[PDB]
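Let me begin by presenting the structure, written as structure tokens, before commenting on it.
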Amino acid sequence: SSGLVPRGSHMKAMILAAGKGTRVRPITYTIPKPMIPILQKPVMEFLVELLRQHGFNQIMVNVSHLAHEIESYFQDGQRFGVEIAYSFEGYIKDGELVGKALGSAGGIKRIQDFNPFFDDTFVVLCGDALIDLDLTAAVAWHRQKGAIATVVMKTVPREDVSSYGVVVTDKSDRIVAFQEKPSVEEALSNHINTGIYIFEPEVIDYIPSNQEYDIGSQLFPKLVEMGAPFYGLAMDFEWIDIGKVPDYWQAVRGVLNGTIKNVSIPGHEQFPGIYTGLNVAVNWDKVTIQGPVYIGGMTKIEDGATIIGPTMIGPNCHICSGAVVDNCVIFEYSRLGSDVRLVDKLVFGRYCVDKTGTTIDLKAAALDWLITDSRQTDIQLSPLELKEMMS
Amino acid sequence: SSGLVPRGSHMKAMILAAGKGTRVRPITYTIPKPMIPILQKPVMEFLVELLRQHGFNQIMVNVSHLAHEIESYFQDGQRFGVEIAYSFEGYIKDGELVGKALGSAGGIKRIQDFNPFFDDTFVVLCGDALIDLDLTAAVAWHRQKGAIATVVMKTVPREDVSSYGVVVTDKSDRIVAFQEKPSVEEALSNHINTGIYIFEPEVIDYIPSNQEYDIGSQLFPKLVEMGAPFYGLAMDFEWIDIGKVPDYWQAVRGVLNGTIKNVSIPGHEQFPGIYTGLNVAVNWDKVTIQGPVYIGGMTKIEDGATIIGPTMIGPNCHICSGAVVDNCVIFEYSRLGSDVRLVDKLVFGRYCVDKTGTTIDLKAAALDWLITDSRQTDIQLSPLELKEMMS
Amino acid sequence: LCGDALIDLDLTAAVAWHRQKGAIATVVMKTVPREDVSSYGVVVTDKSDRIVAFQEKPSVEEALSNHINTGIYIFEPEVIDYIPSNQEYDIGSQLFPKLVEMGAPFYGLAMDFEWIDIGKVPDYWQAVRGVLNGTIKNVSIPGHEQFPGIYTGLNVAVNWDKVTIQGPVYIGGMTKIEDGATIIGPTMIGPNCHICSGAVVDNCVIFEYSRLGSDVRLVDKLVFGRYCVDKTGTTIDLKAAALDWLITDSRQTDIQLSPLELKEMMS
């Protein structure tokens, strides 16, 4: 036979996918911050398919919170045309698996300290925000300047500078100062850290071993003081940062409207703007469905229902008669009983979140006579009828 | 816009993937009988990619045991170029999700009774055995005879007729009698039911509603008595039936040998017959690795180890010094301590199964000083040293 | 001041020192040897005693001075403005860099004082022994001193003739030390313990409700309920190791037998 190159493509990369996702709770209780499905494709799949588009087919992934959800879906990565390995950040005690995140920078140090893996310029990018940057251009941009670290920057409005870490660059495009969540007047620029860095293997020396260590709050201050070739790139690119739960509610609708352009819509278009799954049990005559609406497969929409888009209704749902769905996001296995009117809501299993962040526990409020898991054979009846059953 | 055909391809199919998998325990405790990875690709992916090869892109899947493992990996099926919907077989009580399988035939009845979905010839096939049949040929075979149901048959040795249901056909290739697990002398033929049926929508009438109902023990006896066009096809095709746990141990090795031909091997070939994952921490000089061997990524093989193929070592493993792996299958996150010799064994998390079916609970035997989960930071020491720590 | 390290600094002195200096923030610093700069954050001050540079856990070559942040700060209510609301924010890694860059009256003081930083479990094992020895001076030892260096709790069932106790040792109340035991100080044995006959405790820290069976020799160990930690950080899970025939909770009425007797009961 032959012992060929292990070089493969030699363009390596790493997605950061170990975060708890506390800002997206209650969704991050059972699904990590990646793997959160935009309609059906997970957020991380967009990033992997983007790194493949740009030759970054040797992918490292660090995981901690809900690791099994990430490693089960991607695995080694044959089906995505890439190679994926996993660095688990934690340790076991009493048979149970405890998550112990090492930080954005510390997780990279564990990988190199385990075995020297990053040997040429590598892209690192948070796996909780889908992007469409032209990588083979930004990576080629810090090559002529010889940067040891490069932050790609998006321009946010003058008011939203208090949500991200601010990046200040001079006329050499060299980073000189940082600003974590400063006010509108306090901020010095309107260029934000998008969590999309391009590092040269040598930067991993400045990160200490056996320590939790963050990129923007520890490593990047470390790099500004020592005067390293720390540079910043910008310009327009699609950036969907799911910060809190309402931001995910906005993103799904945006794909249904078309204000998010590059994202595909599943199913086939049964009617203009109305995408159905497979075997949708619906009687189109006796229902009022107003696009754009996606209805997952094996979903039953009883006669006399009202669904007004942009609305996603996950697979295996049941929309009872006389229900009104107005501009909502419904996840899989949901049962909307008769005489319910959901407007600007996101239903996730047993949780009901509105557009402001308020989270309702449908089970702990006996409201599952109104919104329950569709898999119950007990047709759950209302306190009105609980009265008339005995009283 | 336009209201085009929902016909898409109109060749529909269904994988049966609701079984508990009791014959594959302890593997089926956390992974269903599908989704069981042959190296890295799951068994069900082979079937889906085969139905796509033959135009069956509208796929229905019934699930019950460990449903979330199936529906998380495939979802609607965009990435596999098909459409997939799920029929859940169970019902909830006390907030917990209970699996209530409806049978091989009963699960089909639930789908049609929910909403009429099967409208033209449909292929049904158990999702616990990878196959490579030329579908567009077998489906075209019962078309000229007008069969309402057709069983595809594999020829097993004269001795193994006691493991499957036997199919007896006359000279019209018409099925006349069945035989569930008969002895070598008792069996009338050596043609077995492979769980690969091709049915015409009309057969679903003979299945009763709101009833658990099996295909081979109830529906097929029903079809022989009433004298329906019940026919049988045969001829050579690759059929890997994972019956019990040792059969899965044999299959992984067979792919490593080459006695299973059509299955690919992950990683790239670092050395002839030695496939490594991504970032394998190994010192090839001071180890004795004998192909064929697959080593998942982020696996550490300490100096002085011995791995003799055909052996799979899952990702994120740790082979301590002085360990000897001889013809074994190792799953992800396993730690083989020093002075361990595994020969003809399958290690699955905390379980150690040999080639005969014996299952050892490594945790409940204090043997995790020898084989433990690789994620423990406590280097677990032996009863010899537990003595010398106090005594 | 961080509540994970006992101190004896005279506050009315350091607080009065930056009061006369007009500091908006003041770090109290201990002077460690030239080698220990890699364990704690180093503080660099000018001649005004103003902090000018920081160094988080640097080696001897990186470190410029030998003054470390001991986690004993004295703040003016104006420094709380520099901390953002509804945000996680650290003092030494974020607020103090914030103070050096913005050029605030940020000062650093250095005073001699006992500083016991309980970092990891071995540091607590070392600290308890140090209090028993006297290398930690300001801390008293409880109970009353029965013999020089031998402090007993209340109603300690021990027969002093038939035991080998070498001070300094503290024995919590309601602890029974059977005849023929060996306790070698500095050793703490918490209340309600049971030292079976023929046991040997050598320079260990024992917590409450502990039963040290016969034929045990603990040297440089810390026993806390069901965990056995040595002076290096190694932790043994006594429950998951069937070792409760040797070290168990003293409240067990079932006298736990050894693999020797478990054999000879059946086999």
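Labels for the structure tokens follow display order: chains A, B, ..., residues from 1 in each chain, ligands from 1.
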
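In plain terms, chain A touches chain B through residues 1, 3, 73, 85, 91, 92, 115, 271, 272, 278, 281, 297, 375, 376 and 377 of chain A, where touching means an atom at most 6 Å away, counting only C-alpha atoms.
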
What would the file look like if the residues just selected were written as a CSV table (one decimal), in the first residue's frame with C-alpha atoms?
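Contents of again_30.csv, freshly written:
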chain,number,residue,atom,x,y,z
A,1,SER,CA,0.0,0.0,0.0
A,3,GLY,CA,1.8,5.9,3.7
A,73,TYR,CA,-25.5,14.5,15.7
A,85,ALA,CA,-13.0,15.5,17.2
A,91,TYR,CA,-14.8,15.4,35.2
A,92,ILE,CA,-16.9,12.7,36.8
A,115,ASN,CA,-1.6,16.8,22.0
A,271,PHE,CA,-49.1,26.7,-1.4
A,272,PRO,CA,-47.2,30.0,-1.9
A,278,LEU,CA,-44.6,14.9,5.4
A,281,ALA,CA,-53.2,15.7,8.7
A,297,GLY,CA,-45.0,16.2,9.4
A,375,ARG,CA,-48.6,12.4,23.2
A,376,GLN,CA,-51.2,12.1,26.1
A,377,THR,CA,-54.0,9.8,25.4

Residues of chain B that approach chain C to 9 Å or less, counting only C-alpha atoms: could you list each one with the shortest pair of atoms and its distance in Å to one decimal, rows by chain and increasing residue number, as a tab-separated table?
residue	atom	partner	partner_atom	distance
B:366	CA	C:241	CA	7.1
B:378	CA	C:235	CA	7.3
B:379	CA	C:234	CA	8.7
B:380	CA	C:236	CA	8.4
B:381	CA	C:236	CA	8.9
B:383	CA	C:241	CA	8.0
B:386	CA	C:241	CA	8.0
B:389	CA	C:218	CA	7.6
B:390	CA	C:217	CA	4.9
B:391	CA	C:216	CA	4.8

* Might you pull out every residue within 9 Å of residue C:96, with only C-alpha atoms counted and same-chain residues fewer than 4 positions away left off, and present them as number ranges by chain? => C: 25, 54, 90-92, 100-101, 106

* Asked: Could you work out how far atom CA of residue A:308 lies from atom CA of residue A:372, giving the answer in Å with one decimal?
  ->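 Atom-to-atom, atom CA of residue A:372 to atom CA of residue A:308, that is 20.6 Å.
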
Per residue of stretch 145-236 of chain C within 9 Å of stretch 119-136 of chain C, which atom pair is closest and at what distance in Å (one decimal), using only C-alpha atoms, listed by chain and increasing number, as a tab-separated table?
residue	atom	partner	partner_atom	distance
C:149	CA	C:132	CA	8.3
C:167	CA	C:132	CA	8.7
C:168	CA	C:132	CA	5.8
C:169	CA	C:132	CA	6.9
C:170	CA	C:132	CA	7.8
C:185	CA	C:132	CA	8.1
C:186	CA	C:129	CA	5.2
C:187	CA	C:129	CA	6.6
C:188	CA	C:128	CA	7.5
C:203	CA	C:129	CA	7.9
C:204	CA	C:125	CA	7.6
C:205	CA	C:125	CA	6.3
C:220	CA	C:125	CA	8.4
C:221	CA	C:125	CA	7.8
C:222	CA	C:125	CA	6.4
C:229	CA	C:121	CA	7.6
C:230	CA	C:122	CA	7.1
C:231	CA	C:122	CA	4.9
C:232	CA	C:122	CA	6.4
C:233	CA	C:122	CA	6.2

* To do: For residue A:176, work out the shell of residues within 10 Å, counting only C-alpha atoms and skipping chain neighbours fewer than 5 positions away, then give it as a PyMOL selection string.
  => chain A and resi 167-170+221+223-225+227+230-231

Output N, CA, C and O atoms of each residue in that selection to a file, as a compact mmCIF listing (two decimals), in the first residue's frame.
# COMPACT_ATOMS: atom_id res chain seq x y z
N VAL A 167 -14.41 46.83 20.15
CA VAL A 167 -13.05 46.73 19.63
C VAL A 167 -12.66 48.08 19.05
O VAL A 167 -13.35 48.61 18.17
N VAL A 168 -11.54 48.63 19.53
CA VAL A 168 -11.01 49.91 19.06
C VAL A 168 -9.75 49.64 18.25
O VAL A 168 -8.82 48.99 18.74
N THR A 169 -9.72 50.15 17.02
CA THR A 169 -8.57 50.00 16.15
C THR A 169 -8.12 51.37 15.66
O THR A 169 -8.93 52.28 15.47
N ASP A 170 -6.81 51.51 15.44
CA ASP A 170 -6.25 52.73 14.89
C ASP A 170 -6.31 52.70 13.36
O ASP A 170 -7.18 52.04 12.78
N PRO A 221 -7.06 41.17 26.67
CA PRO A 221 -6.29 42.15 27.46
C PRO A 221 -4.81 41.79 27.56
O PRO A 221 -3.95 42.68 27.50
N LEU A 223 -3.07 40.33 25.32
CA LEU A 223 -2.44 40.59 24.04
C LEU A 223 -2.24 42.08 23.77
O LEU A 223 -1.29 42.46 23.08
N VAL A 224 -3.13 42.93 24.30
CA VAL A 224 -2.99 44.37 24.09
C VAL A 224 -1.82 44.92 24.89
O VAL A 224 -1.06 45.77 24.41
N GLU A 225 -1.65 44.44 26.13
CA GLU A 225 -0.57 44.94 26.98
C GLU A 225 0.79 44.59 26.39
O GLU A 225 1.67 45.46 26.27
N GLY A 227 1.65 44.10 23.47
CA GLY A 227 1.88 44.68 22.16
C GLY A 227 2.10 43.66 21.06
O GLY A 227 3.07 43.75 20.31
N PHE A 230 -2.04 42.36 16.97
CA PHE A 230 -3.45 42.08 17.22
C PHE A 230 -4.26 43.01 16.33
O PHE A 230 -4.25 44.23 16.52
N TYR A 231 -4.96 42.44 15.35
CA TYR A 231 -5.59 43.21 14.29
C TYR A 231 -7.09 42.92 14.21
O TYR A 231 -7.58 41.93 14.76

* Please return as a ChimeraX atom specification: the residues of stretch 67-174 of chain B that backbone DSSP assigns to helix (DSSP H, G or I). => /B:67-74,78-80,106-114,135-138,141-145,160-162

Please produce a file of the residues just selected, as a compact mmCIF listing (two decimals), in the first residue's frame, where the atoms kept are N, CA, C and O atoms.
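The resulting file, part_34.txt, is reproduced below:
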# COMPACT_ATOMS: atom_id res chain seq x y z
N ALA B 67 -36.86 7.26 21.47
CA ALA B 67 -37.30 7.98 20.29
C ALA B 67 -36.40 9.18 20.01
O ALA B 67 -36.09 9.48 18.86
N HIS B 68 -35.97 9.87 21.07
CA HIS B 68 -35.21 11.10 20.91
C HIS B 68 -33.88 10.86 20.21
O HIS B 68 -33.37 11.76 19.53
N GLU B 69 -33.30 9.67 20.36
CA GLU B 69 -32.05 9.38 19.65
C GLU B 69 -32.26 9.27 18.15
O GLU B 69 -31.38 9.65 17.37
N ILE B 70 -33.42 8.77 17.72
CA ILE B 70 -33.71 8.65 16.30
C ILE B 70 -34.09 10.00 15.71
O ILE B 70 -33.54 10.43 14.69
N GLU B 71 -35.04 10.70 16.34
CA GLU B 71 -35.56 11.93 15.77
C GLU B 71 -34.57 13.08 15.83
O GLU B 71 -34.69 14.02 15.05
N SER B 72 -33.59 13.03 16.74
CA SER B 72 -32.58 14.09 16.79
C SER B 72 -31.58 13.97 15.65
O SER B 72 -31.08 14.99 15.16
N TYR B 73 -31.27 12.75 15.22
CA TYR B 73 -30.21 12.55 14.24
C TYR B 73 -30.70 12.78 12.82
O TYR B 73 -29.99 13.39 12.01
N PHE B 74 -31.90 12.31 12.49
CA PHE B 74 -32.41 12.42 11.13
C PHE B 74 -33.28 13.66 10.95
O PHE B 74 -33.12 14.40 9.98
N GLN B 78 -33.58 16.73 5.51
CA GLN B 78 -32.94 17.57 4.49
C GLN B 78 -31.55 17.06 4.13
O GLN B 78 -31.22 16.86 2.96
N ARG B 79 -30.71 16.84 5.15
CA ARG B 79 -29.31 16.51 4.95
C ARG B 79 -29.12 15.14 4.29
O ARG B 79 -28.08 14.91 3.67
N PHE B 80 -30.10 14.25 4.39
CA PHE B 80 -30.05 12.96 3.70
C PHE B 80 -30.77 12.99 2.36
O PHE B 80 -30.90 11.94 1.72
N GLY B 106 -49.08 -3.06 13.41
CA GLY B 106 -49.93 -2.08 14.07
C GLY B 106 -49.43 -0.66 13.93
O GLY B 106 -50.24 0.28 13.86
N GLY B 107 -48.11 -0.47 13.89
CA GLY B 107 -47.57 0.87 13.71
C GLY B 107 -47.90 1.45 12.34
O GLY B 107 -48.05 2.66 12.20
N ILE B 108 -48.00 0.59 11.33
CA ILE B 108 -48.42 1.05 10.01
C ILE B 108 -49.89 1.46 10.04
O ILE B 108 -50.28 2.46 9.43
N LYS B 109 -50.72 0.69 10.75
CA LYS B 109 -52.14 1.01 10.83
C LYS B 109 -52.37 2.36 11.51
O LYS B 109 -53.26 3.11 11.11
N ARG B 110 -51.57 2.68 12.53
CA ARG B 110 -51.71 3.97 13.19
C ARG B 110 -51.45 5.11 12.22
O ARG B 110 -52.11 6.16 12.28
N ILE B 111 -50.47 4.93 11.33
CA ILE B 111 -50.12 5.98 10.38
C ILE B 111 -51.27 6.23 9.41
O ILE B 111 -51.66 7.38 9.17
N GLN B 112 -51.82 5.16 8.83
CA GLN B 112 -52.91 5.32 7.88
C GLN B 112 -54.19 5.78 8.56
O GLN B 112 -54.94 6.59 8.00
N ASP B 113 -54.46 5.28 9.77
CA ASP B 113 -55.67 5.69 10.48
C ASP B 113 -55.57 7.13 10.95
O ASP B 113 -56.59 7.83 11.02
N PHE B 114 -54.37 7.59 11.29
CA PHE B 114 -54.17 9.00 11.61
C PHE B 114 -54.51 9.88 10.41
O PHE B 114 -55.34 10.80 10.50
N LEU B 135 -33.51 -2.17 -4.83
CA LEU B 135 -34.94 -2.01 -4.60
C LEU B 135 -35.71 -1.88 -5.91
O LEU B 135 -36.64 -2.65 -6.18
N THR B 136 -35.32 -0.91 -6.74
CA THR B 136 -35.96 -0.71 -8.05
C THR B 136 -35.64 -1.91 -8.93
O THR B 136 -34.83 -1.86 -9.85
N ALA B 137 -36.35 -3.01 -8.65
CA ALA B 137 -36.17 -4.32 -9.25
C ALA B 137 -37.04 -5.30 -8.48
O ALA B 137 -37.83 -6.05 -9.07
N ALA B 138 -36.91 -5.29 -7.16
CA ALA B 138 -37.80 -6.07 -6.31
C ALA B 138 -39.18 -5.44 -6.24
O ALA B 138 -40.19 -6.15 -6.28
N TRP B 141 -40.82 -6.17 -9.23
CA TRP B 141 -41.06 -7.60 -9.41
C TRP B 141 -42.47 -8.02 -9.01
O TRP B 141 -43.06 -8.89 -9.66
N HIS B 142 -43.02 -7.46 -7.94
CA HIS B 142 -44.40 -7.79 -7.59
C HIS B 142 -45.41 -6.98 -8.39
O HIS B 142 -46.62 -7.17 -8.22
N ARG B 143 -44.94 -6.08 -9.26
CA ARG B 143 -45.85 -5.28 -10.08
C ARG B 143 -46.47 -6.10 -11.20
O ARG B 143 -47.66 -5.96 -11.49
N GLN B 144 -45.68 -6.97 -11.85
CA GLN B 144 -46.24 -7.76 -12.94
C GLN B 144 -47.11 -8.91 -12.46
O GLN B 144 -47.94 -9.41 -13.23
N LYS B 145 -46.94 -9.35 -11.21
CA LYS B 145 -47.79 -10.38 -10.64
C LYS B 145 -48.95 -9.79 -9.84
O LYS B 145 -49.89 -10.52 -9.50
N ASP B 160 -29.15 -22.87 10.28
CA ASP B 160 -29.63 -21.63 10.88
C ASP B 160 -31.09 -21.34 10.54
O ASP B 160 -31.52 -20.18 10.63
N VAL B 161 -31.86 -22.36 10.17
CA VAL B 161 -33.28 -22.17 9.88
C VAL B 161 -34.11 -22.01 11.14
O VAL B 161 -35.30 -21.67 11.06
N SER B 162 -33.52 -22.24 12.31
CA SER B 162 -34.20 -22.15 13.59
C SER B 162 -34.12 -20.77 14.22
O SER B 162 -34.61 -20.58 15.34

* Taking the backbone alone, and naming residues the way the document does, which bits of stretch 29-214 of chain C are strand (DSSP E or B) by DSSP, as JSON, numbers by chain? -> {"C": [29, 30, 31, 42, 43, 44, 45, 50, 51, 52, 53, 54, 55, 67, 68, 69, 70, 71, 72, 73, 74, 75, 106, 107, 108, 109, 110, 115, 116, 117, 144, 145, 146, 147, 150, 151, 152, 157, 158, 164, 165, 166, 169, 170, 171, 176, 177, 182, 183, 184, 187, 188, 189, 194, 195, 200, 201, 202, 205, 206, 211, 212]}

* Measuring atom to atom with only C-alpha atoms, identify which of B:52, B:253, B:191, B:261 is nearest to residue B:309. =>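 Residue with the minimum atom-to-atom distance to residue B:309: B:253.
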
* Fewer than 6 positions away in the same chain doesn't count, so skip those; otherwise give me all residues within 6 Å of stretch 3-12 of chain C, counting only C-alpha atoms, as a VMD selection string. => chain C and resid 113 to 118

Take the residues just selected and output them with N, CA, C and O atoms as a PDB file, in the first residue's frame.
ATOM      1  N   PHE C 113       1.498  40.683  58.429  1.00  0.00           N
ATOM      2  CA  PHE C 113       0.397  40.095  59.178  1.00  0.00           C
ATOM      3  C   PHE C 113       0.239  38.633  58.789  1.00  0.00           C
ATOM      4  O   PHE C 113       0.557  38.238  57.664  1.00  0.00           O
ATOM      5  N   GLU C 114      -0.248  37.841  59.740  1.00  0.00           N
ATOM      6  CA  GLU C 114      -0.500  36.426  59.502  1.00  0.00           C
ATOM      7  C   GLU C 114      -1.592  36.261  58.453  1.00  0.00           C
ATOM      8  O   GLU C 114      -2.703  36.777  58.615  1.00  0.00           O
ATOM      9  N   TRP C 115      -1.279  35.541  57.376  1.00  0.00           N
ATOM     10  CA  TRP C 115      -2.212  35.330  56.271  1.00  0.00           C
ATOM     11  C   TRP C 115      -2.198  33.855  55.900  1.00  0.00           C
ATOM     12  O   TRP C 115      -1.227  33.366  55.313  1.00  0.00           O
ATOM     13  N   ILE C 116      -3.271  33.154  56.246  1.00  0.00           N
ATOM     14  CA  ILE C 116      -3.421  31.729  55.978  1.00  0.00           C
ATOM     15  C   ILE C 116      -4.423  31.596  54.840  1.00  0.00           C
ATOM     16  O   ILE C 116      -5.637  31.684  55.053  1.00  0.00           O
ATOM     17  N   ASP C 117      -3.924  31.391  53.625  1.00  0.00           N
ATOM     18  CA  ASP C 117      -4.783  31.193  52.464  1.00  0.00           C
ATOM     19  C   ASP C 117      -5.083  29.706  52.338  1.00  0.00           C
ATOM     20  O   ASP C 117      -4.201  28.912  51.996  1.00  0.00           O
ATOM     21  N   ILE C 118      -6.330  29.328  52.618  1.00  0.00           N
ATOM     22  CA  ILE C 118      -6.778  27.946  52.454  1.00  0.00           C
ATOM     23  C   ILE C 118      -7.185  27.807  50.990  1.00  0.00           C
ATOM     24  O   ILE C 118      -8.324  28.078  50.603  1.00  0.00           O
TER      25      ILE C 118
END

* Asked: Counting only C-alpha atoms, what is within 10 Å of stretch 237-245 of chain B, bar same-chain residues fewer than 4 positions away, as number ranges by chain?
  -> B: 21-28, 33-34, 36, 43, 126, 128-134, 153-155, 163, 194, 249-251, 260-262, 346, 353-359

* From C:26, C:197, C:210, C:87, residue lying nearest residue C:43 [only C-alpha atoms] -> C:26

For residue B:305: contacts at 7 Å, only C-alpha atoms, fewer than 6 positions along chain excluded, given as a short mmCIF file (atom, residue, chain, number, x, y, z; two decimals) with N, CA and C atoms, in the first residue's frame:
data_model
loop_
_atom_site.label_atom_id
_atom_site.label_comp_id
_atom_site.auth_asym_id
_atom_site.auth_seq_id
_atom_site.Cartn_x
_atom_site.Cartn_y
_atom_site.Cartn_z
N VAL B 287 4.84 2.00 20.67
CA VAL B 287 3.62 1.21 20.80
C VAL B 287 3.64 0.11 19.75
N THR B 288 2.84 -0.92 20.00
CA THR B 288 2.73 -2.09 19.13
C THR B 288 1.29 -2.16 18.63
N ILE B 319 -5.55 4.69 26.32
CA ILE B 319 -4.93 3.37 26.42
C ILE B 319 -3.64 3.56 27.22
N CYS B 320 -3.68 3.21 28.50
CA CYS B 320 -2.53 3.37 29.38
C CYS B 320 -1.39 2.44 28.96
N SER B 321 -0.21 2.72 29.51
CA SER B 321 0.98 1.93 29.20
C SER B 321 0.80 0.49 29.67
N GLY B 322 1.41 -0.44 28.94
CA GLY B 322 1.34 -1.84 29.30
C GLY B 322 -0.01 -2.49 29.10
N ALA B 323 -0.93 -1.84 28.39
CA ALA B 323 -2.22 -2.43 28.08
C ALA B 323 -2.12 -3.25 26.79
N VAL B 324 -2.96 -4.28 26.70
CA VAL B 324 -2.96 -5.19 25.56
C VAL B 324 -4.40 -5.30 25.07
#

* **Point-to-point distance in Å for atom CA of residue B:329 and atom CA of residue B:352** => 10.1 Å
